[PDB]
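Chemist: fold the following and give me the result.
(one chain, ligands or ions: 1)
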Amino acid sequence: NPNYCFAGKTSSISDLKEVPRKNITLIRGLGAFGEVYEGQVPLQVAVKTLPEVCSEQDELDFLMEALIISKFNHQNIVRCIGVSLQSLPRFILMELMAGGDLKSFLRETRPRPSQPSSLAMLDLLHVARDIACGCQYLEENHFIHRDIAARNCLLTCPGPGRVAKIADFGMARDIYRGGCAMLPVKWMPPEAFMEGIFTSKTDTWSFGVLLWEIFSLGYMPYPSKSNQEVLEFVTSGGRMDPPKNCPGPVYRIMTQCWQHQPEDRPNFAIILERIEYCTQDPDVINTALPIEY
Ligand SMILES: C[C@@H](Oc1cc(-c2cnn(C3CCNCC3)c2)cnc1N)c1c(Cl)ccc(F)c1Cl
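Modeler: Numbers count the residues shown, from 1 in each chain. This is the structure:
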């Protein structure tokens, strides 16, 4: 059985908290490879399933993601409640994030003449800060996520007390041990997609793109551009324009995250300070978000 090392220590399948299957009830589906359910163990949970029709590599991938998430301990990384690996289909049990993924949330919660005040600049800044805090924890523990993006973040709830958390660690799992068309090239810095070089500054670039996703309210990055067009665009120095109504101080964080040389990009401590300073600036947080008609 394969081992996993994080923050100094090594763990194995034996270290995962096995929850007796009889104690697990599935309630409803929550919408690729394997299904997700709302469940109860009472403790409410999200259940990620491994299809019984899978390869040996699939099994090991499933095991590795369980190990990875179980070994993190931070408020902005989704918790793993445990696993049920001794029955089929196999389960990973996660903290239930009723807000759903960040991309879907932003698109369905965009200000509307029906809901003119569904979201404000401060809400977006708080989400950005939440994820940045999660990224800082990963960075200080020498973990490179490789796929920081809105689709991979979850929210505790739709309402005002919401907390955003990094949730999907599939890319990191894959690399820890595929194809060009599945690579998240629109979130990747030049040295990543060209040389396959990944560092903490990789996640900084991706976080810049996430920031754009957030302040665009859930648009796909590089509108109208294909993966290869983005690759050539970014390699040549091209960068995205500010999202609609984006305050200048916020856009400047994005452009710093997208510096061509990794050494010129901020670490997450600095990104956090700059997000904090934005939340303090009345001219930033008093800026109205566009209302979608
Ligand atoms: C594996 C799966 O886990 C969860 C999904 C969800 C989820 C997905 N969708 N929804 C909706 C349920 C109905 N109300 C709106 C959100 C909740 C909540 N908690 C989870 N732990 C998941 C999904 Cl499905 C998408 C992105 C992620 F980063 C993750 Cl980690």
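Chemist: what does the protein put close to the ligand?
Modeler: 30-31, 36, 46, 48, 78, 94-97, 100-101, 152, 154, 167-168 (C-beta under 6 Å from any ligand atom). The way it works is simple: take the backbone N, C-alpha and C, and place the C-beta from them, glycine included.
Chemist: list the buried residues in stretch 220-240.
Modeler: For stretch 220-240, a neighbour-count test (16 or more other C-beta atoms under 10 Å) marks 221-222, 225, 227, 230-231, 234, 240 as buried.
Chemist: residue contacts, whatever residue of the stretch 151-293 of the chain ends up closest to the ligand?
Modeler: Per C-beta to the nearest ligand atom, the residue of the stretch 151-293 of the chain with the smallest distance to the ligand is residue 167, at 3.1 Å. Applying C-beta atoms under 8 Å, 6 or more residues apart in numbering to residue 167 gives the contacts 77-78, 94, 97, 101, 152-154.
Chemist: could you turn the buried ones of the residues of the chain next to the ligand into a ChimeraX selection?
Modeler: To isolate the buried ones among the residues of the chain next to the ligand in ChimeraX, judged by 16+ other C-beta under 10 Å, type:
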select :30,46,48,78,94,95,96,97,101,152,154,167,168
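Chemist: quick one: the helices in the stretch 1-150 of the chain?
Modeler: Along the stretch 1-150 of the chain, the segments classed as helices by DSSP state H, counting those that start in this stretch run 56-71, 102-108, 121-140.
Chemist: want to throw those into a markdown table with mean neighbour count?
Modeler: Listed next are these as a markdown table, based on neighbours: other C-beta atoms under 10 Å:
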| stretch | mean neighbour count |
| --- | --- |
| helix 56-71 | 18 |
| helix 102-108 | 19 |
| helix 121-140 | 21 |
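Chemist: now the strands for the stretch 51-200 of the chain?
Modeler: Secondary structure of the stretch 51-200 of the chain (DSSP state E, counting those that start in this stretch): strands at 80-84, 91-95, 100-101, 153-155, 164-166.
Chemist: tabulate these (JSON lines), appending distance to residue 61.
Modeler: Shown next, in JSON lines, are the strands of the stretch 51-200 of the chain (distance: least, C-beta to C-beta, whole Å):
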{"stretch": "strand 80-84", "distance to residue 61": "14"}
{"stretch": "strand 91-95", "distance to residue 61": "11"}
{"stretch": "strand 100-101", "distance to residue 61": "20"}
{"stretch": "strand 153-155", "distance to residue 61": "20"}
{"stretch": "strand 164-166", "distance to residue 61": "18"}
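Chemist: which SSE is the spatially closest residue to residue 247 that is not a sequence neighbour in?
Modeler: Ranked by C-beta to C-beta, 6 or more residues apart in numbering and with sequence neighbours excluded, the top spatial neighbour of residue 247 is residue 284, at 4.4 Å. Element membership for residue 284 (DSSP states H and E) is helix 282-285.
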